[PDB]
Amino acid sequence: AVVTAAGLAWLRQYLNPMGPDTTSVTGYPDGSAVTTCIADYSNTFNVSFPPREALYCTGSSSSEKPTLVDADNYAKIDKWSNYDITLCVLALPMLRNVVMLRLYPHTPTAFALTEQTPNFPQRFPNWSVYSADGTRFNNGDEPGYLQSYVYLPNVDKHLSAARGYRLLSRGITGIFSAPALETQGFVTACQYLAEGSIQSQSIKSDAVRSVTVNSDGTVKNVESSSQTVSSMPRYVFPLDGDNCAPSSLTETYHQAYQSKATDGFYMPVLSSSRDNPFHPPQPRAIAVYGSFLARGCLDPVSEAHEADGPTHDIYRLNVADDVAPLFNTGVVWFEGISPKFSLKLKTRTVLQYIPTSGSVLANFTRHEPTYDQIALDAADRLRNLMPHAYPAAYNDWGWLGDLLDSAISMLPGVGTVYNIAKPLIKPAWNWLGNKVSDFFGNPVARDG
Amino acid sequence: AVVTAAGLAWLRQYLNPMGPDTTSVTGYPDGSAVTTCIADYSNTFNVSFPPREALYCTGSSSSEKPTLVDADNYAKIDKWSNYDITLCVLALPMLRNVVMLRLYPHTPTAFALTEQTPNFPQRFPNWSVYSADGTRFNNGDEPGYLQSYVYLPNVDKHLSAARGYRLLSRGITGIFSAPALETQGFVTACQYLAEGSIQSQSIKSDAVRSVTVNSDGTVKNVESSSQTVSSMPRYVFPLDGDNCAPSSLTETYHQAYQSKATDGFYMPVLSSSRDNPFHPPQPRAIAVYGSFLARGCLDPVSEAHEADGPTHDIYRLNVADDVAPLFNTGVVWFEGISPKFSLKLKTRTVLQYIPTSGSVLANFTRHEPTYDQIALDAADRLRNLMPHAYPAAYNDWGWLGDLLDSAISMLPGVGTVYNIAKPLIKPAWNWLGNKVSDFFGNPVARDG
Amino acid sequence: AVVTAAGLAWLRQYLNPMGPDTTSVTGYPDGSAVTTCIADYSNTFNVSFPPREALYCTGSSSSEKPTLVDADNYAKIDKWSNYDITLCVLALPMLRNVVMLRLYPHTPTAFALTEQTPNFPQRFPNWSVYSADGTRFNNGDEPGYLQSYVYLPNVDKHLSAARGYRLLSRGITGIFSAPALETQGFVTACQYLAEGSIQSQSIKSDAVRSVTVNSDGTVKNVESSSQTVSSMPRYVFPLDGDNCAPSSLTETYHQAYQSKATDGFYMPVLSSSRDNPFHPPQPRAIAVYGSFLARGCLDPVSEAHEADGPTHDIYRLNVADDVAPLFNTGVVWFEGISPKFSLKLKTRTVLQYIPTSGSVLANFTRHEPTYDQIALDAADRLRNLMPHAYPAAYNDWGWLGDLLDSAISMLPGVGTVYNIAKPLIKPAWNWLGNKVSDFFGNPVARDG
Amino acid sequence: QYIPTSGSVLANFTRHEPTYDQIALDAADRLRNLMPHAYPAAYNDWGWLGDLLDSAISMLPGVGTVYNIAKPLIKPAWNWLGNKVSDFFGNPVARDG
Amino acid sequence: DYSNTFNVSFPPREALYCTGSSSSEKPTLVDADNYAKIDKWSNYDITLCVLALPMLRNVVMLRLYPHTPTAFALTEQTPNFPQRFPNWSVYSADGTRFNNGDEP
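Residue numbers (UniProt numbering), protein chains in the order written: chain A, 66 to 513; chain B, 66 to 513; chain C, 66 to 513; chain D, 417 to 513; chain E, 105 to 208.
Okay, here's the thing in structure tokens:
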């Protein structure tokens with residue numbers, strides 16, 4: 066009849082993962098009554114303009130040879146360092162490989178992606194270079210942009226020894242800094258769901274074609290195994306590469322966060338479904354869903370073209386992972402950044418495990434099967450109206466909890482005990498103009 | 066605590082898609098808070114007995130050659146026109162290709178389906194002929210029935226430029242007419258869920274079998290790639306072809322609508338689940354689930370027959386599409402129709418889109434993130450008791466809305482404000498006998 | 066506003082499938098309004114130490130030859146009969162093949178499983194032998210353990226003629242007996258969810274490799290169809306074979322039932338989700354999810370190793386079946402059993418069907434579309450706190466129904482009419498110590 | 417009705433309701449000779465049936481009578497050709513089809 | 105509970121078979137285009153009897169006559185391959201089994 070304390074703790078960490086008050090860790094209030102272990106991974110990364118020693122090439126040059134550094138094409142990347150730059154980060158719902166960093170010389174027209182599978186994508190301290198024409202870069206080409214993945218190794222080790230898992234919350238903070246007199250630049254942020262799913266795409270097989278010139282062997286075996294089969298299953302993410310562009314994100318979403326670069330960002334990525342069931346760890350190769358090339362039977366075709374159906378271009382990331390379903394994909398863009406910047410990424414990912422018997426997690430479990438559907442309904446009705454991102458320093462939201470949770474906790478059905486808490490109005494998040502007001506009209510003075 | 070106006074509008078269009086009052090268009094009340102574009106496709110088709118110019122053959126004759134018209138076997142189809150005929154329409158949950166029309170000389174024993182993939186299935190104005198023995202028809206065979214698909218091209222164009230979609234409602238009206246003194250015939254209608262799903266079936270590969278008679282080449286490479294693999298994924302629909310027959314539908318379902326032919330029909334197809342999540346457009350080849358031929362490991366078998374597991378016969382429709390899950394499959398049969406009939410199909414399909422950034426839909430969006438779980442519960446408890454179909458002219462249901470929605474809106478949980486609206490009783494839909502009574506016993510006089 | 070009688074009947078049969086009062090049969094209270102047939106399969110099996118005539122070998126010996134009995138290696142199995150033994154049963158959610166029996170000479174270190182596909186797994190009256198080293202047993206090896214499946218043929222026959230199905234409840238009783246003065250032994254029991262799912266794993270193809278020594282034929286066709294494709298889809302069950310061991314189950318779960326062997330067991334397997342949608346019968350080969358052997362792209366690899374992604378070892382059971390999703394997997398262990406024991410397994414499985422039109426089930430249907438979300442919520446909040454198993458004779462739970470159902474029926478939301486029923490406390494299930502108390506502290510005297 | 421054979425398909429659809437009623441059997445025996453042999457195809461759901469006819473005959477068998485008088489019973493006139501049809505209680509039957 | 109529905113009408117030639125000695129050891133024999141006589145029947149009004157014996161299988165027996173018969177005749181000679189509903193079997197005018205080239 067009334068929301069529990071565990072429900073409040075879960076809501077607080079789910080909506081404000083990196084808030085200062087959220088020190089303890091709590092699990093999903095579904096009352097599964099199973100013995101679970103809740104892990105909290107906090108990581109920090111001081112990303113900046115990479116030096117030459119941490120910069121590899123993904124072309125066919127480093128194909129069978131391992132990672133190849135740049136053969137002093139680094140002069141061109143210094144030429145990048147002469148001017149302003151752009152810095153995108155893409156937070157896919159992948160459990161490990163939490164974010165993808167990407168550096169551009171100028172604002173890209175659209176979020177391009179290589180068509181050939183890159184060789185040896187690099188974890189964060191190293192980067193990997195791509196040519197300007199959306200192609201893999203070998204030494205001697207003309208570099209277009211840089212990319213890297215931010216990897217959490219402990220998450221991999223724990224996911225190895227776990228029967229099931231589910232993501233509880235994830236937040237990403239972007240403390241930005243630059244030398245004095247070089248603070249110019251903008252920042253944009255947006256979340257959006259991606260109907261990523263396990264998919265296998267149609268491919269064609271190789272058939273031997275023998276015309277036996279042998280004297281005794283006149284078989285002329287032309288057996289045709291060249292039929293249509295399924296590729297290995299891959300997790301495909303439909304991200305709108307054209308609409309992942311800066312301007313498209315800005316105009317598309319009314320909750321898109323925009324501010325000056327020095328404000329940083331803070332994205333508490335949110336789920337998109339009421340229920341959060343457990344899943345077994347099934348790491349699979351990730352891929353990005355292009356635009357379909359063979360229409361196939363989508364038009365009246367002969368009775369033989371039914372095989373090569375509506376297949377799509379698949380951009381293979383050459384990264385294997387298991388993703389948290391129903392969680393939003395986040396993305397921020399830093400535009401016009403001074404080349405000698407310094408971005409302190411701070412990620413906090415809290416997630417639940419069912420430990421495999423006799424595994425390392427089995428000793429750290431905790432038995433608190435709290436059940437609270439009031440909190441679940443509160444989150445369900447709160448998700449659609451929370452902002453997508455906030456400035457870096459805007460933790461410790463006063464309106465959360467005492468007011469917002471209480472204000473929405475009285476809506477659901479007949480589960481209302483307190484008569485009335487507070488009217489709820491439309492917030493106006495204008496970080497550019499400094500006319501920002503919260504969910505109750507109270508102005509937000511700038512703390513930093 | 067009380068159902069909103071948006072909830073009422075959504076319920077009204079979901080239960081009565083083609084009602085006269087439902088002029089405006091409203092979205093699903095889940096409060097996804099995303100920027101969506103809601104499209105409303107209304108189409109009309111005056112289907113009748115096709116002339117010879119719009120009648121192609123699906124046999125191996127039109128295999129590599131495109132569509133082939135009938136080489137004046139049309140005399141037999143005129144002989145059909147001498148007697149009465151039967152007209153089935155099958156509304157699968159496919160987004161485009163809204164319905165499948167099918168014409169028979171007499172009532173079929175069962176809803177047969179070709180085993181070989183037909184060549185060039187035809188959109189509505191043209192038809193495609195099939196032989197009597199459930200085989201593809203080449204010129205010179207003996208025609209068994211005709212078939213066609215009703216295609217919406219705008220739906221295809223819009224589904225191209227959309228990150229996600231979900232079907233809001235769909236209704237099909239069947240205004241029937243015939244020359245005076247030839248109004249004889251019956252009509253039957255029924256909806257039923259089909260657990261259609263993405264499936265890939267086991268197939269076998271082709272292996273080269275070389276016995277090298279070459280003098281220097283004595284390899285005799287007999288390498289066996291002839292293993293078991295997966296076909297390309299297809300959307301398989303388990304429709305009960307034996308139980309899609311007329312009599313089986315009549316006896317099976319107590320909500321099956323039956324009437325005289327001149328009454329037409331009006332099927333507001335209904336969902337079968339409470340939630341309606343967004344889905345990315347994934348058009349795939351459609352197929353119908355036959356009866357499994359290789360039992361495989363379903364019986365104690367040798368350790369080598371585990372490969373060819375329980376595979377089923379797959380009837381390939383040679384039509385690629387993406388379907389709306391959790392929506393019922395509808396079917397109506399017109400029996401004993403006069404051959405010179407005239408059926409005005411009127412389809413209305415309203416569905417939501419998430420527009421891809423920079424796409425054509427992005428300019429037509431609308432920002433009304435209404436949330437109303439009362440309406441969702443009302444629909445959930447109303448679905449099981451609505452009739453499957455109504456006569457063609459029975460729009461503007463008085464009992465809907467002011468009474469039925471209100472009567473059921475007070476059931477759910479404690480979300481009840483109004484004390485009591487009206488008792489709810491068992492309706493008796495007897496369109497044959499003219500003893501029809503609605504959900505409150507009020508008789509329904511015949512308006513047409 | 067108040068839970069119906071149908072809701073009470075469904076809850077009673079779902080939580081106490083083999084209780085004496087549950088004589089009538091009732092369906093899921095979701096109000097699907099469809100015409101359904103509810104079937105109740107009760108089976109009994111007097112399992113004991115098998116004789117030599119019912120004991121086949123699964124090695125390559127019985128590969129193409131059918132089932133091969135043991136060539137009088139039965140002396141070793143008699144030597145087993147000299148000492149104590151261990152008897153595991155594993156109740157997977159498979160519809161047919163309800164349980165897997167397994168006999169060991171002593172307590173196994175872990176629930177091993179053969180890596181090669183066994184030949185002709187045997188239904189219950191016969192068994193199949195496996196070697197000590199987790200390998201298939203041919204005549205002349207050294208036997209390690211015995212295994213068998215308990216098969217329900219009527220379930221197969223009915224599942225053939227059904228458009229859809231869903232499992233309503235399933236219970237397994239273990240009446241144990243042994244000769245006087247040989248009642249020593251322990252019994253342990255545990256349920257746990259398994260995220261079993263349809264999966265296809267990466268495999269590699271066979272390519273012909275021809276160097277044409279033919280005089281006229283100098284093609285040297287070395288065409289490489291040796292690419293990566295998908296195996297046939299299989300239902301993979303992630304069971305923790307290391308944590309399916311006795312001690313791991315005992316320590317892991319606080320609801321694990323433990324007692325003396327003579328007490329038997331009674332496991333009412335429970336679902337793990339609120340909703341229970343219908344599913345079409347899709348029998349597929351079952352397999353057990355090992356530990357992945359090829360990491361693949363989980364580490365930075367060359368642009369060519371993306372194909373052989375994170376593949377797992379797959380233990381193929383050589384048994385095809387369709388499973389009930391969201392139902393727990395149960396397992397009991399009998400330890401130190403006297404070799405001349407007698408276990409009376411009593412299984413009761415009640416499940417719903419949608420009959421295919423014109424099929425055998427179509428005549429036995431029943432039209433009671435009751436809707437009761439109160440009962441669904443009651444089950445949802447009751448699942449996490451019910452014990453995993455009870456002694457064999459502990460049917461007819463007094464606390465169920467009049468108190469427990471009523472006590473929890475007042476929690477959900479505002480759907481509360483009766484003021485207060487009874488306080489609910491923590492039960493203490495200690496069958497070893499005879500200090501057992503139910504959900505209201507009332508002690509449970511031993512009826513047997 | 418069937419007595420299922422063990423292991424057969426019928427065995428999964430049994431019903432335990434051994435109800436006993438001499439009154440119903442006696443009423444059926446009494447009424448067998450009164451009901452007409454057939455009706456028009458559309459003439460189901462008779463008003464007189466059950467609450468009226470079965471009741472008004474249920475006291476006749478022996479003296480198994482609790483309610484004193486339910487309803488007098490008269491000979492019907494099933495003149496379907498002449499549209500002059502009257503049921504067991506004289507109530508005219510207007511054409512419903 | 106078995107509920108069944110059938111749509112009986114004047115059968116086409118493909119659903120008629122001969123009961124005479126023609127299809128004695130041979131399986132059912134379709135009419136050798138004596139169907140013109142049945143069309144002659146279709147010229148005028150017909151008669152349709154159904155006889156519901158207490159048989160569990162074979163719920164009813166349908167029968168079509170050119171014109172009302174004086175009695176429910178039957179053939180002293182056993183018919184060959186009696187036909188389940190969608191197919192019919194023809195009997196001659198003289199109350200005997202019908203081979204092709206007789207008077208139905």
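Beta carbons: idealized from backbone N, C-alpha and C, even for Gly.
Chain-order list of residues whose beta-carbon lies under 7 Å from that of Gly-506/A (same chain, five-residue window excluded): These residues qualify, in order along the chain: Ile-490.
Cross-chain neighbours of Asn-460/D in chain C, by beta carbon under 7 Å: None at all; the shortest Cβ gap to chain C is about 18 Å.
With 16 other Cβ atoms within 10 Å as the buried cut-off, status of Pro-218/B: Around the beta carbon of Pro-218/B, fewer than 16 other beta carbons lie within 10 angstroms, which makes this residue exposed.
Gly-92/C vs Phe-202/C beta-carbon contact at 8 Å: No, these two residues do not count as a Cβ contact at 8 Å.
Beta strand (DSSP E) runs wholly inside the segment 383–448 of chain C, at least 3 long, in chain order: Here the runs fully enclosed are 394–402, 407–419.
Inter-residue Cα distance where the pair is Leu-468/D and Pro-488/D: In a straight line, the C-alpha of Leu-468/D is about 10 Å away from that of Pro-488/D.
Contact residues within the segment 108–136 of chain E, judged by C-beta distance below 8 Å to chain B: Contact residues of the segment 108–136 of chain E toward chain B are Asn-108, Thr-109, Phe-110, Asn-111, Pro-116 (C-beta to C-beta distance below 8 Å).
N- and C-terminal bounds of the alpha helix (DSSP H) containing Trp-75/B: For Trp-75/B, the enclosing alpha helix (DSSP H) covers residues 70–80.
Backbone secondary structure at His-377/A - three-state DSSP: The answer is strand: DSSP assigns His-377/A an E or B state.
Cβ-based contacts, 7 Å cut-off: residues of the segment 363–388 of chain A near chain C: Taking 7 Å as the cut-off between beta carbons, the residues of the segment 363–388 of chain A near chain C are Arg-381, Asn-383, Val-384, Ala-385, in sequence order.
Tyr-93/B at chain C interface by Cβ criterion, 8 Å: Not one chain C Cβ lies under 8 Å of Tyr-93/B.
Within 8 Å, strictly: CB atoms of residue 569/C and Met-451/C: No information on residue 569/C is available, as it lies outside the stretch 66 to 513 that chain C covers here.
Short CB-CB distance (under 8 Å) between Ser-502/A and chain C: Chain C, which has no Cβ nearer than 8 Å to the Cβ of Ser-502/A, makes this no.
Under 7 Å (Cβ pairs) to chain C, residues found in the segment 247–280 of chain A: Within the segment 247–280 of chain A, the qualifying residues are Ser-265, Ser-270, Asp-271, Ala-272, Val-273, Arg-274, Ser-275, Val-276, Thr-277, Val-278, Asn-279.
Chain-ordered neighbours of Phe-343/A on chain C, where CB pairs are closer than 8 Å: Correct list: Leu-258, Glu-260.
Neighbouring residues, chain F, relative to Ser-290/B (Cβ below 7 Å): This model lacks chain F altogether, as its protein chains are A, B, C, D and E.
Paired residues, beta bridge with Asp-95/C - DSSP: Looking at the DSSP assignment, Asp-95/C forms a beta bridge with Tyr-436/C.
Cβ pair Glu-129/B, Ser-367/A closer than 8 Å: In this structure, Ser-367/A lies closer than 8 Å to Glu-129/B by Cβ.
Distance, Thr-481/D Cα to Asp-445/D Cα: Here the alpha carbon of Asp-445/D sits roughly 17 Å from the alpha carbon of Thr-481/D.
Segments assigned alpha helix (DSSP H), at least 4 residues, entirely inside the segment 121–170 of chain E: Under the rule that a run must span 4 or more residues, the alpha helix (DSSP H) segments found entirely inside the segment 121–170 of chain E read 139–147.
Buried versus exposed, by CB contacts within 10 Å (16 or more), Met-165/B: Counting of Cβ neighbours within 10 angstroms places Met-165/B among the buried residues, the total reaching 16 or more.
Residues from the segment 221–242 of chain A in contact with chain B, defined by Cβ distance under 9 Å: So nothing in the stretch comes that close.
Residue-chain proximity (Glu-400/B, chain E), Cβ-Cβ < 8 Å: With 8 Å as the cut-off, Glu-400/B counts as an interface residue toward chain E.
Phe-399/B and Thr-151/B closer than 8 Å at C-beta: For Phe-399/B and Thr-151/B, yes; Cβs fall inside 8 Å.
Member of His-171/E, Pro-131/E, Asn-162/E whose CA lies at the smallest distance from the CA of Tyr-148/E: Measuring C-alpha to C-alpha distances from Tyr-148/E to each of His-171/E, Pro-131/E, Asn-162/E identifies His-171/E as the nearest.
Local conformation of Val-353/C per DSSP, three classes: DSSP, reduced to helix, strand and coil, places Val-353/C within a strand of the structure shown.
Whole-angstrom distance between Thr-100/C and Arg-228/B, CA atom to CA atom: About 38 Å.
Min CB distance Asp-512/D to chain B below 8 Å: The Cβ of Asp-512/D sits closer than 8 Å to at least one Cβ of chain B.
Residues that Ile-103/C bridges to, as DSSP identifies them: Within the DSSP bridge table, the entry for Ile-103/C names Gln-417/C as partners.
CA-to-CA distance, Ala-385/B to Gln-181/A, given in whole angstroms: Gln-181/A and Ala-385/B: Cα-Cα distance of roughly 28 Å.
Spatial distance of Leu-426/B from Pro-420/B (CA atoms): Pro-420/B has its alpha-carbon roughly 5 Å from the corresponding atom of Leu-426/B.
Straight-line Cα distance separating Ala-372/C from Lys-269/C: Roughly 10 Å separates the two Cα atoms.
Proximity of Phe-189/A and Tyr-216/A at Cβ, strictly below 8 Å: A Cβ-Cβ contact shorter than 8 Å links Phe-189/A with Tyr-216/A.
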